[PDB]
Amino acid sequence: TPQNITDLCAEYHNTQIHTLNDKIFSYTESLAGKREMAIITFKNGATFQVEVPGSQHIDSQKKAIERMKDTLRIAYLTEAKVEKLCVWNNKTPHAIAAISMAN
């Protein structure tokens, strides 16, 4: 069991860490059919998604996808510093797997 986001990310193929240490610049959310997703950006232009739930996801991930959109919305609205994202880099934009917050 990893103790931090970097070691967690290392357990998975096709992932990488982005170190941001900054607040989210924009938060976008959609209920449109087949695009039920969120998108965040940072002031350097880096862009990330929480993917539409699909067949690549197992059942245990469906509650966690919902939690992650909750987390990103509140981080955005409270200007909370995002330390790192773990993302899958075989998607465009890169798809979030995990977030860490700290100062």
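Position 1 is the first residue in the sequence shown; the rest follow in order.
- For the two regions 35 to 43 and 53 to 61, the entry's Cα B-factors average higher over 53 to 61.
- With 44 to 52 and 68 to 76 compared on mean CA B-factor from the PDB entry, the stretch scoring higher is 44 to 52.
- Placement of the Cα temperature factor of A95 within the chain: middle third of the modelled residues, per the deposited record.
- When the modelled residues of the chain are ordered by C-alpha B-factor, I24 sits in the lowest third.
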